[PDB]
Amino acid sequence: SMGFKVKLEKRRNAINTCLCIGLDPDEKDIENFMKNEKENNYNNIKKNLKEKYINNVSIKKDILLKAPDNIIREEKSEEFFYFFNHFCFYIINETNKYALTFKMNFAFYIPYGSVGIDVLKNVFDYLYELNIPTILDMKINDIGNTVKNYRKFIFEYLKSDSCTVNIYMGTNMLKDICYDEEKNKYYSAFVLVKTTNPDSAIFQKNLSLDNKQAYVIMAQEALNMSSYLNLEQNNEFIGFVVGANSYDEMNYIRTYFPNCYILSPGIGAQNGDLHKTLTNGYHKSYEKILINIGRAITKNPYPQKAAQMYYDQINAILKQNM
């Protein structure tokens, strides 16, 4: 067990990027994949079937290994499962060489009931086999007794490396998310600090304590809690979600918490500025500034090339900042 701090550093050394690929497939993405595959003689599924680690996923592997034409006539109930899982495998196979991390937003995997949670588990199994660091974006929050269920789901069942957390209820929830006292285990989390929605100022900026805006108070309390838990000693961390349209806050956070880990969504579909974001959030250890791109890759019909462009542009910008 490396610990997520170490997993990130080592993969950064191998692939020299901070691109975080977001995998948030929606119903139209899955439908479109099925339709295109049905028309292009299942070219991408056939490619997926040749990859080594498809043989290691834990749920309904023998369904996933069946030929598509046979799924449709013999395992029709499993059609949606099969195409949803294969869409995810396809995106991962096409793009993983460019990704420091993958982030999966739980919301996209739940709305069909159990079936998408089987897909989600298989996606985490597949990434684990590929040794790619993972983030589950679920924005979890509850009282201690309740949130230990999320710890189990995220860190034991999915074996995620990290997750996102909303600490507005308080910053003691992290004791039951990032630490398992009975097992002496430690896990990493990114807490929400400044988000990308257009009205994010209403609580994050307009509330304050002793003339520091709420987002700074929350960031500091999160770090206070990380220190309490001794995460960084155990190769784990609490970091910050700072939107990639929030340049002032990104600048402020990187200046006043010089060595914090930042996860930054909002470039591509939400129109954030890549150059400004990466420059204001820059750190020499650039795994500390994860640039998440979801729909601009997954809704691109040429996702390998989409991911490659972001990888190449991030690397150009990192070079300028170095």
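Rigid core here is just the name for the largest C-alpha set that superposes within 1.5 Å across the two forms. Position 1 is the first residue in the sequence shown; the rest follow in order.
Superposition on the core shows that, in 7 other deposited structures of this protein, the C-alpha atoms drift more in one of 190-198 and 216-224; this is 190-198.
Averaged over CA atoms, B-factors in the entry run higher in 204-212 than in the other of 204-212 and 108-116. When the mean C-alpha temperature factors of 313-321 and 4-12 are read from the deposited coordinates, 313-321 comes out higher.
Ranking 290, 293, 49, 260 by the C-alpha B-factor listed in the PDB entry places 49 at the top. For residue 235, the recorded CA temperature factor ranks within the highest third of the chain's modelled residues. Ranked by Cα temperature factor within the chain, residue 170 sits in the middle third according to the deposited record. In the deposited entry, the Cα temperature factor of residue 220 sits in the middle third of values across the chain's modelled residues. Sorting the modelled residues of the chain by their CA temperature factor places residue 243 in the lowest third. Looking at the C-alpha B-factors along this chain, the one for residue 265 belongs to the lowest third.
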